[PDB]
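Order of listing sets the numbers, starting from 1, for every ligand and every atom in it. So you know, we letter chains A, B, ... as the sequences are listed, proteins then strands, and number each from 1.
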Amino acid sequence: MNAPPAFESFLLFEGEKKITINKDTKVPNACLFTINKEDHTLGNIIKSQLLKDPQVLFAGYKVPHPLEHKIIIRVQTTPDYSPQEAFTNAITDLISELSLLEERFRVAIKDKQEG
Amino acid sequence: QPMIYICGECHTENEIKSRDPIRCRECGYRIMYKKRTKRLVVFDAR
Amino acid sequence: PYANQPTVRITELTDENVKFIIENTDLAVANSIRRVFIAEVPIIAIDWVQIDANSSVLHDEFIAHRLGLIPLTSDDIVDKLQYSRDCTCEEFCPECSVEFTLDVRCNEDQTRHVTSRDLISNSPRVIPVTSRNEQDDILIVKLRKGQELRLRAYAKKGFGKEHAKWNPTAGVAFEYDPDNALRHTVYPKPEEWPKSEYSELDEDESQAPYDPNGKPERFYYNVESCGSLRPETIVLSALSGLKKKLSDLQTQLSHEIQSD
Amino acid sequence: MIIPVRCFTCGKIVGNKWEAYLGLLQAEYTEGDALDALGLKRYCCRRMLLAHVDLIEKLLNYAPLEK
Amino acid sequence: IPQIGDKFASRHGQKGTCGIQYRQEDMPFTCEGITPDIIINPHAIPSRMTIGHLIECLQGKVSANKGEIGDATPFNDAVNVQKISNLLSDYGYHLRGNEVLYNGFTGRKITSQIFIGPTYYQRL
Ligand SMILES: [Zn+2]
Ligand SMILES: [Zn+2]
Ligand SMILES: [Zn+2]
């Protein structure tokens, strides 16, 4: 009667942007990234990778409503740095980490099956 | 057009037209069931 | 400001589960990997049923739901098939779906067990796991003499976010800091609690001394497979899926940055 | 009415274990040992097999609608 | 199919509607990846004093781990909480039915060890 289709958690609606960047006016060098059709899976890793950047002053995320299917990630960096650049570098670092983890898991599987 | 029904007691496929008392021709039982439609109903296995 | 250099150590690899350890990674990465095991590792499962005849004691949606939860071998085919969203065909085609047929009739006096062995596929690679060449076959329905079940299913590509039938795991044990050194738990009576299988403590010692400078490292995993994928295929597909989620996010990020 | 396919909690397949479970029980296994023989180690799957009531066997005592 | 707003009840007067449904990766999990089918609020216990709910949960954990059916007949001196706890401690569990759970969203351990186990629920 009121059950949303299960794909609405993963699929973007037509004309709906995957990610939107909005300047935070309260403090300088801060941005809000509203990412649609993602959840804690990417939010937590992006936040925790951003916390590894010493040029990042704030890194947090929230799912504003569990029934809704977006996350907001707030990133504040030092003045010489940018929150967009920080977010990009965090994603790049996560991708490199996962590539290395995948190659090493392939090697470990090969060793385990062989000996 | 035929509207074949099944008997509740003898399970016999028998045709009955409108304005006809509901009686199985094989055993006279008074309760009949319609057969499953031929239309194509789809289920999402969820 | 840069990526981790995680290492891996697989401590057990069977056809049923994989038990491994990831070290030198963040807890968020470990838990996102754990979540992707459950919710973003695609597999093949029946997601469309057409009941041509069902004289069984279970109604049509019961049979359909029951067929959807039968695991189908998805190892090499799931990467090749497309989502029906992405397929440029009609409702179905062999590029985005797999056809199954089931046609059973109980004529004999003993009860006929309509099992997953009766799910006949057009694709030899995508078959019910129990039907793969021990464990018995999954029971779809029991039929009495004169009862009959004839249906036509189509299996699709999906993951556990959409429905648990596309979840490839039969349990994902995840653990870290087996000895409570980070004190992320606070036992009122630490002596009362059993020791983890990964604990390295003498029996007199209940929990490790508190580590003020500690961070969660060395996450232990036991990924049990429902049958569709091999456990190591579940882990590899999870890592690839998480990496493609991040890559797509970065692509959209670049479009948003350059459009500003 | 019939043995579920998956364990509600973890999603382990239990549909193929009901008949084997009954065969082990008539083989003079205890329910715990039978559940151990089938590889149900989490108490959720043990719940699934141990608390199941096979009502379909009673529904098959009624003649079908068509012969 | 059960949904938000459907009424469920245990056998102890503990009724309530489904507030929300989380997927298995969003629910909290034990070290062996068991997620709860249902999560009920601890504040429903103290005023109500439905200790039978807790004893049934603990007895049910013992029953599921032992392969038996628990005897909850009302006035039975051969079955008390200490015996059930001693039985549960033999299966590698905290004797009082608590377990370390992990946050499904972040994977971090929950500081307070949660009371979890099989309980018979009813859909109304
Ligand atoms: Zn008749
Ligand atoms: Zn197609
Ligand atoms: Zn289970």
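For C:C87 atom SG and C:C89 atom SG, the angle they make at the Zn ion (ligand 2) is roughly 100°, to 10 degrees. With the Zn ion (ligand 2) at the apex, C:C96 SG and C:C93 SG define an angle of roughly 120° (rounded to 10 degrees). With the Zn ion (ligand 3) as the vertex, SG (D:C7) and SG (D:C45) define an angle of 120°, rounded to 10°. With the Zn ion (ligand 1) as the vertex, SG (B:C10) and SG (B:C24) define an angle of 90°, rounded to 10°.
No side-chain donor-acceptor contact under 3.5 Å links C:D75 and C:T73.
Remark: aromatic rings of C:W48 and B:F43 are distant, center separation not under 6.0 Å. For an aromatic pair to be called close, the ring centres must be under 6.0 Å apart, and C:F174 with C:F37 fails this. When ring centroids are compared, E:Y22 and E:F105 come within the 6.0 Å threshold.
A donor-acceptor contact shorter than 3.5 Å links the side chain of E:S85 to the backbone of E:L95.
Within the coordination shell of the Zn ion (ligand 1), defined by N, O or S atoms under 2.8 Å, B:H11 is absent.
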